[PDB]
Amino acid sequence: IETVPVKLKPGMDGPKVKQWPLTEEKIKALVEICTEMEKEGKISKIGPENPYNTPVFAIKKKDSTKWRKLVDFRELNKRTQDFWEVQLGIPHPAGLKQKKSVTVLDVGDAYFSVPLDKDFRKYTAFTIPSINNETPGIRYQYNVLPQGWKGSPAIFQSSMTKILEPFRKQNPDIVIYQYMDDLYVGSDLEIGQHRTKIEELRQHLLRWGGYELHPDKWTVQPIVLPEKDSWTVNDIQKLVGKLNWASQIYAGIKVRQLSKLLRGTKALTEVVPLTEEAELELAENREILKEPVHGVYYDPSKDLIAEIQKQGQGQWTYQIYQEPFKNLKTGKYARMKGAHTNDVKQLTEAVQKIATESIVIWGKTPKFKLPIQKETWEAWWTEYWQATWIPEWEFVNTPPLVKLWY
């Protein structure tokens, strides 16, 4: 079988990212997974003369209790040639976000059937760590299309189409979208009936060689202004500051009348009656924030960015944009676990869901601005990750001047 030649981007070198510490159970799972991939020729043992490395870890879903090996190829993907230029990329179907139910299937194992350009394999190196450093790290590199590498769906594109064409013409209104190692398959059938034909697609791919989503019920959360019958100076300050911030987003929002209402040097608790020409501004700007912003369209040539804010009692607001103040989506995430007390687990789950929605809607994940200390996130996040992909992120400390999303 013949391989496809692949390059890094001009002036880029391969990844050189250090392996981080792993629990006993993850090291064990990685050793058992990698020794069998070794036997099946998917990976090969290497030594230190390969100067590249990418961190490896493992996840174990509650969906399926077997351990899944996860190599964080984010750095390699950033340095790999784009496949829109190579002319072997994957188009996103706009009908996916319409469907009643979308099931995610992990199909990464199909990549192991196609070999990787022998000159590119050295960039896929990873190192298994050692409990109490009893042993030096153990290094492998891929011989086949690796899971988590953005070139694997691109190279496997021609095959997967032939594998799917029978199913999709026997089912012309089910839509299938391949993203990284995943298939997002959406239909408009009853939630049990839909699952029956997911079972049929799995057993169809099984002869050659999940998560239940409902995009119809993903609600956008707008900027709501509070409604009281009596208003203090501080209430009006808070309101004027909120609307002033929203004047960078929405069109024609006014505050001069309320600004005048706070004239003088007043006590923050002094209740101020609302002017006839002040009450109008509120309900007038209430309805500018009613329904969406005009003139904001998705551009597939630019990155998606997601901001998240902790709002307390399990609530998390988020905005997805490409240019500042031009939000393509605003939302509120809320989850039930029954632990009641884990901020990092909630944020990790909020990231996966937001990133999942962006895959369904636009076909790619956004870069997250995470409201968390870098070291707190890195101490715990892998314990809650359940996706076969990993989005890009950065860490911001986020002093909330305005109470704008909640």
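For the two forms, the rigid core is made up of the largest set of C-alpha atoms that agree within 1.5 Å on superposition. From 1 onward, residues are counted along the sequence shown.
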Exercise. What stretch shows more C-alpha movement in 8 other deposited structures of this protein relative to this form, 191-199 or 210-218, after the core is superposed?
Worked result: 210-218
For this session: Find the stretch among 338-346 and 31-39 with the larger RMS C-alpha deviation in 8 other deposited structures of this protein, all structures being superposed on the shown form by the rigid core.
Result: 338-346
Problem set entry | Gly209-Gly210 interval: deposited residues absent from the model | 10 or more
For this session: Please work out which of 118-126 and 241-249 has the higher mean CA B-factor as recorded in the PDB entry.
Result: 241-249
Exercise. Which is higher in the entry, the mean Cα B factor of 134-142 or that of 167-175?
Worked result: 167-175
Seminar exercise, completed: Of the residues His194, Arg79, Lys97, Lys332, the one whose Cα carries the largest B-factor in the deposited record is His194
Seminar exercise, completed: One of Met160, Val107, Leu88, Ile308 has the largest Cα B-factor in the entry, namely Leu88
For this session: Could you tell me which third, lowest, middle or highest, the C-alpha B-factor of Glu281 occupies within its chain?
Result: highest
For this session: Determine, from the deposited record, the chain-internal third of the Cα B-factor for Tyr321: lowest, middle or highest.
Result: lowest
For this session: Sorting the chain's modelled residues by C-alpha B-factor, tell me whether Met37 ends up in the lowest, middle or highest third.
Result: middle
Problem set entry | Third assignment of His92 from its chain's C-alpha B-factors | middle
Problem set entry | Among modelled residues of the same chain, the CA temperature factor third for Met336 | highest
